[PDB]
Amino acid sequence: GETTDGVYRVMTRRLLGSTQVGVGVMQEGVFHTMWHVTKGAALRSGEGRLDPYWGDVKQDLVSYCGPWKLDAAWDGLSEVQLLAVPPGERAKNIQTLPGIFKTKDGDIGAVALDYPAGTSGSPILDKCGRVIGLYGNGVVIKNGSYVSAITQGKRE
Amino acid sequence: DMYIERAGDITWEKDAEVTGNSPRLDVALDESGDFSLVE
Ligand SMILES: Cc1cc(OCC(N)=O)c2cccc(C)c2n1
């Protein structure tokens, strides 16, 4: 299939038309997305098939064809960019300063950008271009607006 | 059955649109991987 590094849409025909359920990153032969996008299901790329290798419902992450590859982290300070890939619309960089998810286990980056569900899995970038996690699991605030964690996995 | 379609390169685009705020929130994470506002 297409094994080229970069960002992808995740489509199903199981509903009406071709419906974008999410986004993911191909890097070093491995596809990364959020568990709630695929539910662990296998993926088609050309004739090529992509089979799940690692996942965790609680982290809401899943890799295909190999172990999780993305190790870079938000530094707590600098601005970032959501490389947002919405349904039927072109990939598009938003620059933003992340807020914080404060949790009984620790603190995580939060990006307060409001985008459809089918955008879940779009990657978050540092200034060097490295992916520091994925947008699309989070929380609805007082306003009615949406705020996402920066979700990153571990690399062995 | 699901399939993937390439959407672009992973690049920082200088003079990208700059917006959204930076809120500090107290949140819980359940076993289902759902976040929720602790207040
Ligand atoms: C990108 C995204 C994802 C969501 O839910 C999925 C998740 N697990 O956070 C959303 C839920 C409600 C409203 C909006 C605007 C959402 N946007």
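Scope of the values below: all heavy atoms of this structure, side chains included, with no hydrogens, waters or symmetry mates. Below, chains carry the letters A, B, ... as their sequence lines are ordered, and counting in each starts from 1.
Both the backbone and the side chain of B/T19 come within contact range of chain A, with heavy atoms under 4.5 Å apart. With a threshold of 4.5 angstrom between heavy atoms, A/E79 approaches chain B through its backbone and through its side chain. Of the two parts of A/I94, the backbone and the side chain both hold a non-hydrogen atom closer than 4.5 Å to a non-hydrogen atom of chain B. Looking at B/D26, both its backbone and its side chain come within 4.5 Å of chain A, counting heavy atoms on both sides. Looking at A/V111, there are no atoms closer than 4.5 Å to chain B (heavy atoms on both sides), in backbone or side chain. Interface remark: A/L113 contributes side-chain atoms only to the contact with chain B (heavy atom separation under 4.5 Å). Both the backbone and the side chain of A/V57 come within contact range of chain B, judged by heavy atoms closer than 4.5 Å. Heavy atoms of B/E31 lying under 4.5 Å from chain A belong exclusively to its backbone. Residue A/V23 does not touch chain B at all, counting heavy-atom pairs closer than 4.5 Å. Of the atoms belonging to A/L50, it is side-chain heavy atoms, and not backbone ones, that fall under 4.5 Å from chain B. With a threshold of 4.5 angstrom between heavy atoms, A/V85 approaches chain B through side-chain atoms but not through N, CA, C or O. At a 4.5 Å heavy-atom cutoff, the contact between A/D126 and chain B is made by backbone atoms alone. Neither the backbone nor the side chain of A/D107 comes within less than 4.5 Å of any heavy atom in chain B.
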Could you go through the salt bridge (charged side-chain N to carboxylate O under 4.0 Å, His left out) check for B/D1 and A/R13 one step at a time? CA-CA 7 Å; B/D1 178 88; A/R13 302 236 189 75; over 6 Å; no

Pair A/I141, B/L37 - check side chain to side chain contact (heavy atoms under 4.5 Å, CB included), show working. CA-CA 8 Å; A/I141 52 166; B/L37 286 160; 4.2 Å; yes

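Counting only heavy atoms from C-beta outward, the side chains of A/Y64 and A/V30 never approach each other to under 4.5 Å.
Residues A/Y146 and A/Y115 keep their aromatic ring centres 6.0 Å or farther apart.
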